[PDB]
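Raw target00.txt, compact mmCIF, N, CA and C atoms:
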# COMPACT_ATOMS: atom_id res chain seq x y z
N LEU A 1 -65.26 -6.84 134.37
CA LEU A 1 -66.02 -5.95 135.34
C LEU A 1 -65.93 -6.45 136.77
N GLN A 2 -65.74 -5.60 137.78
CA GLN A 2 -65.53 -6.07 139.13
C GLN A 2 -66.49 -5.41 140.11
N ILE A 3 -67.04 -6.17 141.06
CA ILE A 3 -67.84 -5.65 142.14
C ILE A 3 -67.31 -6.20 143.46
N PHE A 4 -67.69 -5.60 144.57
CA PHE A 4 -67.29 -6.05 145.88
C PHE A 4 -68.44 -6.74 146.55
N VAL A 5 -68.17 -7.76 147.34
CA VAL A 5 -69.15 -8.38 148.17
C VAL A 5 -68.56 -8.38 149.58
N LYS A 6 -69.28 -7.84 150.53
CA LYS A 6 -68.84 -7.84 151.92
C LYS A 6 -69.21 -9.22 152.44
N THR A 7 -68.26 -9.99 152.96
CA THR A 7 -68.47 -11.41 153.29
C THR A 7 -68.95 -11.59 154.72
N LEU A 8 -69.35 -12.78 155.12
CA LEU A 8 -69.95 -13.01 156.43
C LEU A 8 -69.04 -12.54 157.57
N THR A 9 -67.73 -12.41 157.39
CA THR A 9 -66.83 -11.98 158.47
C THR A 9 -66.57 -10.48 158.45
N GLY A 10 -67.19 -9.71 157.55
CA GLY A 10 -66.89 -8.28 157.37
C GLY A 10 -65.80 -8.12 156.32
N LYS A 11 -65.24 -9.19 155.77
CA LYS A 11 -64.10 -9.09 154.87
C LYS A 11 -64.65 -8.71 153.52
N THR A 12 -63.84 -8.20 152.61
CA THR A 12 -64.32 -7.88 151.29
C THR A 12 -63.69 -8.81 150.30
N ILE A 13 -64.48 -9.42 149.42
CA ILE A 13 -63.96 -10.15 148.28
C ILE A 13 -64.37 -9.41 147.02
N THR A 14 -63.57 -9.45 145.96
CA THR A 14 -63.93 -8.89 144.69
C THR A 14 -64.43 -10.04 143.85
N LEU A 15 -65.46 -9.81 143.06
CA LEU A 15 -65.96 -10.79 142.11
C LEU A 15 -65.71 -10.21 140.73
N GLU A 16 -65.27 -11.02 139.77
CA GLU A 16 -65.26 -10.69 138.36
C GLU A 16 -66.62 -11.09 137.80
N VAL A 17 -67.36 -10.16 137.22
CA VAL A 17 -68.70 -10.42 136.73
C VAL A 17 -68.89 -9.82 135.34
N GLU A 18 -70.02 -10.06 134.70
CA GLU A 18 -70.38 -9.41 133.45
C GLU A 18 -71.66 -8.60 133.70
N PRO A 19 -71.87 -7.51 132.98
CA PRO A 19 -73.05 -6.66 133.21
C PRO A 19 -74.36 -7.42 133.08
N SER A 20 -74.48 -8.45 132.25
CA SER A 20 -75.71 -9.16 132.04
C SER A 20 -75.78 -10.41 132.93
N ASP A 21 -74.87 -10.60 133.88
CA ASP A 21 -74.90 -11.71 134.82
C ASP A 21 -76.18 -11.61 135.61
N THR A 22 -76.83 -12.73 135.86
CA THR A 22 -77.99 -12.81 136.71
C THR A 22 -77.57 -12.85 138.16
N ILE A 23 -78.50 -12.56 139.07
CA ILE A 23 -78.24 -12.64 140.49
C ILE A 23 -77.92 -14.09 140.81
N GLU A 24 -78.56 -15.09 140.19
CA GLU A 24 -78.22 -16.50 140.41
C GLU A 24 -76.77 -16.75 140.05
N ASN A 25 -76.26 -16.15 138.97
CA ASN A 25 -74.85 -16.27 138.57
C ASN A 25 -73.96 -15.68 139.64
N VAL A 26 -74.31 -14.54 140.23
CA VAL A 26 -73.48 -13.95 141.29
C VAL A 26 -73.48 -14.87 142.50
N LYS A 27 -74.61 -15.48 142.90
CA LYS A 27 -74.63 -16.40 144.03
C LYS A 27 -73.73 -17.60 143.76
N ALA A 28 -73.67 -18.10 142.54
CA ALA A 28 -72.81 -19.21 142.22
C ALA A 28 -71.34 -18.80 142.35
N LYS A 29 -70.99 -17.57 142.00
CA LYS A 29 -69.60 -17.10 142.18
C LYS A 29 -69.24 -17.04 143.67
N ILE A 30 -70.16 -16.58 144.51
CA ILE A 30 -69.97 -16.53 145.96
C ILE A 30 -69.88 -17.95 146.51
N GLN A 31 -70.68 -18.91 146.01
CA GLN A 31 -70.57 -20.30 146.43
C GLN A 31 -69.16 -20.80 146.15
N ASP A 32 -68.56 -20.48 145.01
CA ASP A 32 -67.21 -20.97 144.68
C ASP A 32 -66.17 -20.39 145.64
N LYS A 33 -66.28 -19.15 146.09
CA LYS A 33 -65.29 -18.53 147.00
C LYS A 33 -65.59 -18.82 148.45
N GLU A 34 -66.83 -18.74 148.91
CA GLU A 34 -67.16 -18.86 150.35
C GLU A 34 -67.84 -20.18 150.71
N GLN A 35 -68.21 -21.04 149.77
CA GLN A 35 -68.82 -22.35 150.03
C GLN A 35 -70.17 -22.24 150.72
N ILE A 36 -70.92 -21.16 150.51
CA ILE A 36 -72.26 -21.01 151.04
C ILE A 36 -73.21 -21.35 149.90
N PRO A 37 -74.12 -22.29 150.10
CA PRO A 37 -75.05 -22.65 149.03
C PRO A 37 -75.89 -21.43 148.61
N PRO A 38 -76.19 -21.30 147.33
CA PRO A 38 -76.98 -20.14 146.87
C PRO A 38 -78.31 -19.98 147.60
N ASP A 39 -78.99 -21.06 147.99
CA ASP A 39 -80.25 -20.96 148.70
C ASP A 39 -80.06 -20.40 150.11
N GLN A 40 -78.85 -20.36 150.68
CA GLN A 40 -78.62 -19.76 151.99
C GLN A 40 -78.16 -18.33 151.85
N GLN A 41 -78.05 -17.80 150.64
CA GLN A 41 -77.55 -16.45 150.40
C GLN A 41 -78.67 -15.47 150.20
N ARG A 42 -78.58 -14.30 150.82
CA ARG A 42 -79.40 -13.15 150.55
C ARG A 42 -78.43 -12.04 150.18
N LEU A 43 -78.62 -11.39 149.05
CA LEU A 43 -77.72 -10.35 148.57
C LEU A 43 -78.44 -9.03 148.60
N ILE A 44 -77.81 -8.01 149.18
CA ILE A 44 -78.38 -6.70 149.35
C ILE A 44 -77.57 -5.67 148.57
N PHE A 45 -78.21 -4.79 147.81
CA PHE A 45 -77.56 -3.66 147.16
C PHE A 45 -78.30 -2.39 147.54
N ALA A 46 -77.67 -1.47 148.26
CA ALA A 46 -78.26 -0.22 148.67
C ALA A 46 -79.56 -0.52 149.42
N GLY A 47 -79.57 -1.40 150.42
CA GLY A 47 -80.76 -1.71 151.23
C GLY A 47 -81.79 -2.63 150.59
N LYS A 48 -81.72 -2.94 149.30
CA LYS A 48 -82.75 -3.72 148.62
C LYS A 48 -82.25 -5.13 148.38
N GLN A 49 -83.09 -6.15 148.57
CA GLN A 49 -82.71 -7.54 148.38
C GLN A 49 -82.84 -7.88 146.90
N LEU A 50 -81.79 -8.42 146.29
CA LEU A 50 -81.71 -8.73 144.87
C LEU A 50 -82.41 -10.07 144.63
N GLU A 51 -83.14 -10.24 143.54
CA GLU A 51 -83.89 -11.44 143.30
C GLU A 51 -83.36 -12.26 142.14
N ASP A 52 -83.34 -13.58 142.27
CA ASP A 52 -83.01 -14.51 141.22
C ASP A 52 -83.87 -14.20 140.01
N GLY A 53 -83.28 -14.15 138.83
CA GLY A 53 -83.98 -13.94 137.58
C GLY A 53 -83.49 -12.66 136.95
N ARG A 54 -83.17 -11.63 137.73
CA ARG A 54 -82.87 -10.30 137.25
C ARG A 54 -81.37 -10.22 137.04
N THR A 55 -80.85 -9.25 136.31
CA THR A 55 -79.43 -9.11 136.05
C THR A 55 -78.83 -7.96 136.83
N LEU A 56 -77.51 -7.86 136.90
CA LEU A 56 -76.82 -6.74 137.52
C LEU A 56 -77.22 -5.44 136.84
N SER A 57 -77.21 -5.40 135.50
CA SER A 57 -77.61 -4.20 134.76
C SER A 57 -79.04 -3.83 135.12
N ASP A 58 -79.94 -4.77 135.38
CA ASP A 58 -81.32 -4.45 135.84
C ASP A 58 -81.33 -3.64 137.14
N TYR A 59 -80.34 -3.76 138.01
CA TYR A 59 -80.31 -3.08 139.30
C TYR A 59 -79.38 -1.88 139.22
N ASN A 60 -78.86 -1.55 138.03
CA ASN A 60 -77.83 -0.53 137.83
C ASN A 60 -76.64 -0.82 138.72
N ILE A 61 -76.22 -2.07 138.84
CA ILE A 61 -75.03 -2.45 139.55
C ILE A 61 -73.89 -2.34 138.55
N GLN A 62 -72.86 -1.54 138.81
CA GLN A 62 -71.81 -1.22 137.84
C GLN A 62 -70.47 -1.42 138.48
N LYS A 63 -69.35 -1.10 137.81
CA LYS A 63 -68.02 -1.29 138.37
C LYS A 63 -67.97 -0.73 139.76
N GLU A 64 -67.33 -1.44 140.69
CA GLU A 64 -67.03 -0.97 142.04
C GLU A 64 -68.27 -0.90 142.92
N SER A 65 -69.44 -1.39 142.49
CA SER A 65 -70.60 -1.51 143.35
C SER A 65 -70.33 -2.52 144.46
N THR A 66 -70.99 -2.40 145.60
CA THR A 66 -70.80 -3.26 146.76
C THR A 66 -72.10 -3.93 147.08
N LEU A 67 -72.12 -5.26 147.12
CA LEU A 67 -73.23 -6.06 147.54
C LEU A 67 -72.95 -6.53 148.94
N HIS A 68 -73.96 -6.82 149.73
CA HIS A 68 -73.81 -7.31 151.09
C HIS A 68 -74.36 -8.70 151.17
N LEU A 69 -73.55 -9.67 151.57
CA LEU A 69 -73.99 -11.04 151.75
C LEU A 69 -74.42 -11.22 153.18
N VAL A 70 -75.66 -11.62 153.40
CA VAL A 70 -76.15 -12.06 154.69
C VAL A 70 -76.76 -13.46 154.54
N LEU A 71 -76.72 -14.28 155.58
CA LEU A 71 -77.09 -15.68 155.48
C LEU A 71 -78.55 -15.85 155.85
N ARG A 72 -79.29 -16.71 155.15
CA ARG A 72 -80.61 -17.18 155.54
C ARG A 72 -80.37 -18.60 155.99
N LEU A 73 -80.28 -18.88 157.29
CA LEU A 73 -80.05 -20.22 157.86
C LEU A 73 -78.64 -20.74 157.56
Could you write out this file's structure as structure tokens?
Amino acid sequence: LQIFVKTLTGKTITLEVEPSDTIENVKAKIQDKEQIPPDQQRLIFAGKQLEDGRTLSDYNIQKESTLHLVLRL
């Protein structure tokens, strides 16, 4: 399963994910590609900030969904 994350430079990266992946799991995938610690990451889907603990399927995030990475500090 693949989703897009718009990166700090406006660039797009694709992430390979699973439907039951947690938001913490997605932040760890972004840490591996962009080297931003998960605690400095805020992830947005359709204007709403995603929270650690919940899964992609919990937010109805599906193939080709786009998350927005913005930095906290």
Open item on the list: I'd like the contact shell of residue A:16 - 8 Å cut-off, all atoms listed in the file, skipping same-chain residues fewer than 2 positions apart - returned as an MDAnalysis selection string.
Closed with: chainID A and resid 1:4 13:14 18:19 29
Open item on the list: Residues within 6.5 Å of residue A:6, please, as a list in words. Count all atoms listed in the file; anything in the same chain fewer than 4 positions from it doesn't count.
Closed with: residues 10, 11, 12, 13, 66, 67, 68 and 69 of chain A
- [ ] Write out as a ChimeraX atom specification each polymer residue whose atoms come within 8 Å of residue A:39, counting all atoms listed in the file; drop sequence neighbours fewer than 5 positions from it.
- [x] /A:27,71-73
Export of the given selection (N, CA and C atoms) as a compact mmCIF listing (two decimals), in the frame of the given file:
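Result file follows (selection-v1.txt):
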# COMPACT_ATOMS: atom_id res chain seq x y z
N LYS A 27 -74.61 -15.48 142.90
CA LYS A 27 -74.63 -16.40 144.03
C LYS A 27 -73.73 -17.60 143.76
N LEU A 71 -76.72 -14.28 155.58
CA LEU A 71 -77.09 -15.68 155.48
C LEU A 71 -78.55 -15.85 155.85
N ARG A 72 -79.29 -16.71 155.15
CA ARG A 72 -80.61 -17.18 155.54
C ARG A 72 -80.37 -18.60 155.99
N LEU A 73 -80.28 -18.88 157.29
CA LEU A 73 -80.05 -20.22 157.86
C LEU A 73 -78.64 -20.74 157.56
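Counting all atoms listed in the file, the residue from A:22, A:31, A:41, A:7 that sits nearest to residue A:53 is A:22.
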Open item on the list: Please report the interatomic distance between atom C of residue A:9 and atom C of residue A:52 in Å with one decimal.
Closed with: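 Between atom C of residue A:9 and atom C of residue A:52 the gap works out to 25.6 Å.
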- [ ] List every residue of stretch 20-59 of chain A that DSSP, applied to the backbone of this structure, places in helix (DSSP H, G or I), and write the result as a list in words.
- [x]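 So, restricting stretch 20-59 of chain A to helix (DSSP H, G or I), we get residues 23, 24, 25, 26, 27, 28, 29, 30, 31, 32, 33, 34, 38, 39, 40, 57, 58 and 59 of chain A.
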Can you spit out the residues from that selection as a PDB file, in the coordinates of the input, using N, CA and C atoms?
ATOM      1  N   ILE A  23     -78.500 -12.560 139.070  1.00  0.00           N
ATOM      2  CA  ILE A  23     -78.240 -12.640 140.490  1.00  0.00           C
ATOM      3  C   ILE A  23     -77.920 -14.090 140.810  1.00  0.00           C
ATOM      4  N   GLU A  24     -78.560 -15.090 140.190  1.00  0.00           N
ATOM      5  CA  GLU A  24     -78.220 -16.500 140.410  1.00  0.00           C
ATOM      6  C   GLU A  24     -76.770 -16.750 140.050  1.00  0.00           C
ATOM      7  N   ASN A  25     -76.260 -16.150 138.970  1.00  0.00           N
ATOM      8  CA  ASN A  25     -74.850 -16.270 138.570  1.00  0.00           C
ATOM      9  C   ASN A  25     -73.960 -15.680 139.640  1.00  0.00           C
ATOM     10  N   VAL A  26     -74.310 -14.540 140.230  1.00  0.00           N
ATOM     11  CA  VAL A  26     -73.480 -13.950 141.290  1.00  0.00           C
ATOM     12  C   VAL A  26     -73.480 -14.870 142.500  1.00  0.00           C
ATOM     13  N   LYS A  27     -74.610 -15.480 142.900  1.00  0.00           N
ATOM     14  CA  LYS A  27     -74.630 -16.400 144.030  1.00  0.00           C
ATOM     15  C   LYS A  27     -73.730 -17.600 143.760  1.00  0.00           C
ATOM     16  N   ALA A  28     -73.670 -18.100 142.540  1.00  0.00           N
ATOM     17  CA  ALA A  28     -72.810 -19.210 142.220  1.00  0.00           C
ATOM     18  C   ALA A  28     -71.340 -18.800 142.350  1.00  0.00           C
ATOM     19  N   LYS A  29     -70.990 -17.570 142.000  1.00  0.00           N
ATOM     20  CA  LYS A  29     -69.600 -17.100 142.180  1.00  0.00           C
ATOM     21  C   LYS A  29     -69.240 -17.040 143.670  1.00  0.00           C
ATOM     22  N   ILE A  30     -70.160 -16.580 144.510  1.00  0.00           N
ATOM     23  CA  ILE A  30     -69.970 -16.530 145.960  1.00  0.00           C
ATOM     24  C   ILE A  30     -69.880 -17.950 146.510  1.00  0.00           C
ATOM     25  N   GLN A  31     -70.680 -18.910 146.010  1.00  0.00           N
ATOM     26  CA  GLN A  31     -70.570 -20.300 146.430  1.00  0.00           C
ATOM     27  C   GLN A  31     -69.160 -20.800 146.150  1.00  0.00           C
ATOM     28  N   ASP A  32     -68.560 -20.480 145.010  1.00  0.00           N
ATOM     29  CA  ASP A  32     -67.210 -20.970 144.680  1.00  0.00           C
ATOM     30  C   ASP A  32     -66.170 -20.390 145.640  1.00  0.00           C
ATOM     31  N   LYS A  33     -66.280 -19.150 146.090  1.00  0.00           N
ATOM     32  CA  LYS A  33     -65.290 -18.530 147.000  1.00  0.00           C
ATOM     33  C   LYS A  33     -65.590 -18.820 148.450  1.00  0.00           C
ATOM     34  N   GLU A  34     -66.830 -18.740 148.910  1.00  0.00           N
ATOM     35  CA  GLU A  34     -67.160 -18.860 150.350  1.00  0.00           C
ATOM     36  C   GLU A  34     -67.840 -20.180 150.710  1.00  0.00           C
ATOM     37  N   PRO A  38     -76.190 -21.300 147.330  1.00  0.00           N
ATOM     38  CA  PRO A  38     -76.980 -20.140 146.870  1.00  0.00           C
ATOM     39  C   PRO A  38     -78.310 -19.980 147.600  1.00  0.00           C
ATOM     40  N   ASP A  39     -78.990 -21.060 147.990  1.00  0.00           N
ATOM     41  CA  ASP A  39     -80.250 -20.960 148.700  1.00  0.00           C
ATOM     42  C   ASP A  39     -80.060 -20.400 150.110  1.00  0.00           C
ATOM     43  N   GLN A  40     -78.850 -20.360 150.680  1.00  0.00           N
ATOM     44  CA  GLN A  40     -78.620 -19.760 151.990  1.00  0.00           C
ATOM     45  C   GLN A  40     -78.160 -18.330 151.850  1.00  0.00           C
ATOM     46  N   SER A  57     -77.210  -5.400 135.500  1.00  0.00           N
ATOM     47  CA  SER A  57     -77.610  -4.200 134.760  1.00  0.00           C
ATOM     48  C   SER A  57     -79.040  -3.830 135.120  1.00  0.00           C
ATOM     49  N   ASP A  58     -79.940  -4.770 135.380  1.00  0.00           N
ATOM     50  CA  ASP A  58     -81.320  -4.450 135.840  1.00  0.00           C
ATOM     51  C   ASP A  58     -81.330  -3.640 137.140  1.00  0.00           C
ATOM     52  N   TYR A  59     -80.340  -3.760 138.010  1.00  0.00           N
ATOM     53  CA  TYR A  59     -80.310  -3.080 139.300  1.00  0.00           C
ATOM     54  C   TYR A  59     -79.380  -1.880 139.220  1.00  0.00           C
TER      55      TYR A  59
END
- [ ] Would you mind listing what lies within 6 Å of residue A:56 as JSON, numbers by chain, with all atoms listed in the file counted and same-chain residues fewer than 3 positions away left out?
- [x] {"A": [19, 20, 21, 22, 23, 59, 60, 61]}
Go ahead and write the residues just picked, N, CA and C atoms, as a PDB file, in the coordinates of the input.
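Now in again.pdb:
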ATOM      1  N   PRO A  19     -71.870  -7.510 132.980  1.00  0.00           N
ATOM      2  CA  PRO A  19     -73.050  -6.660 133.210  1.00  0.00           C
ATOM      3  C   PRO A  19     -74.360  -7.420 133.080  1.00  0.00           C
ATOM      4  N   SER A  20     -74.480  -8.450 132.250  1.00  0.00           N
ATOM      5  CA  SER A  20     -75.710  -9.160 132.040  1.00  0.00           C
ATOM      6  C   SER A  20     -75.780 -10.410 132.930  1.00  0.00           C
ATOM      7  N   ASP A  21     -74.870 -10.600 133.880  1.00  0.00           N
ATOM      8  CA  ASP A  21     -74.900 -11.710 134.820  1.00  0.00           C
ATOM      9  C   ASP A  21     -76.180 -11.610 135.610  1.00  0.00           C
ATOM     10  N   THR A  22     -76.830 -12.730 135.860  1.00  0.00           N
ATOM     11  CA  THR A  22     -77.990 -12.810 136.710  1.00  0.00           C
ATOM     12  C   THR A  22     -77.570 -12.850 138.160  1.00  0.00           C
ATOM     13  N   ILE A  23     -78.500 -12.560 139.070  1.00  0.00           N
ATOM     14  CA  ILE A  23     -78.240 -12.640 140.490  1.00  0.00           C
ATOM     15  C   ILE A  23     -77.920 -14.090 140.810  1.00  0.00           C
ATOM     16  N   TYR A  59     -80.340  -3.760 138.010  1.00  0.00           N
ATOM     17  CA  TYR A  59     -80.310  -3.080 139.300  1.00  0.00           C
ATOM     18  C   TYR A  59     -79.380  -1.880 139.220  1.00  0.00           C
ATOM     19  N   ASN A  60     -78.860  -1.550 138.030  1.00  0.00           N
ATOM     20  CA  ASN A  60     -77.830  -0.530 137.830  1.00  0.00           C
ATOM     21  C   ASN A  60     -76.640  -0.820 138.720  1.00  0.00           C
ATOM     22  N   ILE A  61     -76.220  -2.070 138.840  1.00  0.00           N
ATOM     23  CA  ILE A  61     -75.030  -2.450 139.550  1.00  0.00           C
ATOM     24  C   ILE A  61     -73.890  -2.340 138.550  1.00  0.00           C
TER      25      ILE A  61
END
- [ ] Point out the residue among A:38, A:58, A:51, A:44 with the least atom-to-atom distance to residue A:70, counting all atoms listed in the file.
- [x] A:44
- [ ] Mind the document's chain letters and residue numbers, and return as a ChimeraX atom specification the residues of stretch 4-65 of chain A that DSSP labels strand (DSSP E or B).
- [x] /A:4-6,12-16,22,41-45,48-49,55
Reconstructed stretch 23-40 of chain A, atom set N, CA, C and O atoms, as a tab-separated table (two decimals), in the coordinates of the input:
chain	number	residue	atom	x	y	z
A	23	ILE	N	-78.50	-12.56	139.07
A	23	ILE	CA	-78.24	-12.64	140.49
A	23	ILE	C	-77.92	-14.09	140.81
A	23	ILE	O	-77.05	-14.33	141.63
A	24	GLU	N	-78.56	-15.09	140.19
A	24	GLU	CA	-78.22	-16.50	140.41
A	24	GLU	C	-76.77	-16.75	140.05
A	24	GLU	O	-76.06	-17.45	140.79
A	25	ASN	N	-76.26	-16.15	138.97
A	25	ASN	CA	-74.85	-16.27	138.57
A	25	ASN	C	-73.96	-15.68	139.64
A	25	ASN	O	-72.92	-16.24	139.94
A	26	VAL	N	-74.31	-14.54	140.23
A	26	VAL	CA	-73.48	-13.95	141.29
A	26	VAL	C	-73.48	-14.87	142.50
A	26	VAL	O	-72.45	-15.06	143.13
A	27	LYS	N	-74.61	-15.48	142.90
A	27	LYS	CA	-74.63	-16.40	144.03
A	27	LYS	C	-73.73	-17.60	143.76
A	27	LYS	O	-73.04	-18.10	144.64
A	28	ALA	N	-73.67	-18.10	142.54
A	28	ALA	CA	-72.81	-19.21	142.22
A	28	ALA	C	-71.34	-18.80	142.35
A	28	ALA	O	-70.47	-19.60	142.77
A	29	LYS	N	-70.99	-17.57	142.00
A	29	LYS	CA	-69.60	-17.10	142.18
A	29	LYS	C	-69.24	-17.04	143.67
A	29	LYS	O	-68.11	-17.40	144.08
A	30	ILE	N	-70.16	-16.58	144.51
A	30	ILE	CA	-69.97	-16.53	145.96
A	30	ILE	C	-69.88	-17.95	146.51
A	30	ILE	O	-69.07	-18.24	147.41
A	31	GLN	N	-70.68	-18.91	146.01
A	31	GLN	CA	-70.57	-20.30	146.43
A	31	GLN	C	-69.16	-20.80	146.15
A	31	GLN	O	-68.57	-21.48	147.00
A	32	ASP	N	-68.56	-20.48	145.01
A	32	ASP	CA	-67.21	-20.97	144.68
A	32	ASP	C	-66.17	-20.39	145.64
A	32	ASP	O	-65.20	-21.09	145.97
A	33	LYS	N	-66.28	-19.15	146.09
A	33	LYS	CA	-65.29	-18.53	147.00
A	33	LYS	C	-65.59	-18.82	148.45
A	33	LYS	O	-64.67	-19.10	149.21
A	34	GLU	N	-66.83	-18.74	148.91
A	34	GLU	CA	-67.16	-18.86	150.35
A	34	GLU	C	-67.84	-20.18	150.71
A	34	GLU	O	-68.05	-20.45	151.89
A	35	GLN	N	-68.21	-21.04	149.77
A	35	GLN	CA	-68.82	-22.35	150.03
A	35	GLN	C	-70.17	-22.24	150.72
A	35	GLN	O	-70.57	-23.14	151.45
A	36	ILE	N	-70.92	-21.16	150.51
A	36	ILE	CA	-72.26	-21.01	151.04
A	36	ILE	C	-73.21	-21.35	149.90
A	36	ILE	O	-73.10	-20.75	148.81
A	37	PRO	N	-74.12	-22.29	150.10
A	37	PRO	CA	-75.05	-22.65	149.03
A	37	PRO	C	-75.89	-21.43	148.61
A	37	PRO	O	-76.26	-20.61	149.47
A	38	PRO	N	-76.19	-21.30	147.33
A	38	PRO	CA	-76.98	-20.14	146.87
A	38	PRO	C	-78.31	-19.98	147.60
A	38	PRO	O	-78.76	-18.86	147.86
A	39	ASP	N	-78.99	-21.06	147.99
A	39	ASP	CA	-80.25	-20.96	148.70
A	39	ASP	C	-80.06	-20.40	150.11
A	39	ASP	O	-81.03	-19.96	150.73
A	40	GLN	N	-78.85	-20.36	150.68
A	40	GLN	CA	-78.62	-19.76	151.99
A	40	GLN	C	-78.16	-18.33	151.85
A	40	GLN	O	-77.89	-17.67	152.86
